[PDB]
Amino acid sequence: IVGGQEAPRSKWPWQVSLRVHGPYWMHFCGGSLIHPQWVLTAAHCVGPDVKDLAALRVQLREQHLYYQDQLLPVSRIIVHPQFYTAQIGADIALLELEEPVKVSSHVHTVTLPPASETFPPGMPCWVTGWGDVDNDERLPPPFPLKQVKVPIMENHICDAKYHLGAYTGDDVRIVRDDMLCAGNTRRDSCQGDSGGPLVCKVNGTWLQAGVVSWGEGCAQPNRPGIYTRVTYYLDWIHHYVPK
């Protein structure tokens, strides 16, 4: 997370950390808990190639990475079948836990939006995670969960920005309809934040609008962050995840 600050303990009870086996169980992506047995993340974190399940774990909300880990094994990885790269789109995946978790005030699921929600500019939206704090800069120990308020920008405005300083033809769409754009040069998600949730308050309820997917660098001029638009993928998600 670039900009913003350390998140309070009481906030974002759905944030998860995905971990890959190595010298230690290292954080490589974010995720959100959307049901006690299911985590929603980005496909590019875990695909498109099939990886070994035993080498992946999940860690539910922690204020500080690594310090009191209790890692959770994963029984299935389901990746959107249209997924190949983040720029093509469909950058969405689900992890099913081997056991359901116990919800509580500090750990519980985020609500998905109804299909009709478009999340227009000036909706209040936050993004969270343990990723880099600027291009090339790692989050320092002790690795606090960070959060930042990001302005949503309409898709046609963001597509046109991505064409400024580019060779790509104006009628060749870079930002697609399954995508959502947010952030500016002071406030963006970054590497290590991928797979995490963009959430917006709507009628006093938190809704996950987006999944951190890609961008051109972090907080660069004319390059807002691009998120996978969850409304677009609800049917796919409900093929696997109960209501």
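Position 1 is the first residue in the sequence shown; the rest follow in order.
With reference to the PDB entry, specify whether the mean Cα temperature factor is higher for 139 to 147 or for 114 to 122. Mean C-alpha B-factor is greater for 114 to 122.
Mean Cα B factor from the PDB record: higher for 78 to 86, or higher for 151 to 159? Mean B over CA atoms: larger for 151 to 159.
Top residue by Cα temperature factor, when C200, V212, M26, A43 are compared in the entry: Largest recorded C-alpha B-factor: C200.
Among all modelled residues of this chain, ranked by Cα B factor, put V20 in the bottom, middle or top third, i.e. lowest, middle or highest. Lowest third, going by the recorded CA B-factors of the chain.
Mind checking which third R223 falls in for C-alpha B-factor across the chain? It belongs to the highest third of the chain when residues are ordered by C-alpha B-factor.
Third of chain Cα B-factors occupied by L95: CA B-factor rank for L95: lowest third.
Lowest, middle or highest third: where is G196 by Cα B-factor in its chain? Lowest third - that is where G196 ends up once the chain's C-alpha B-factors are sorted.
Among the chain's modelled residues, which third holds the C-alpha B-factor of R186? For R186, whose C-alpha B-factor we compare with every modelled residue in the chain, the answer is the highest third.
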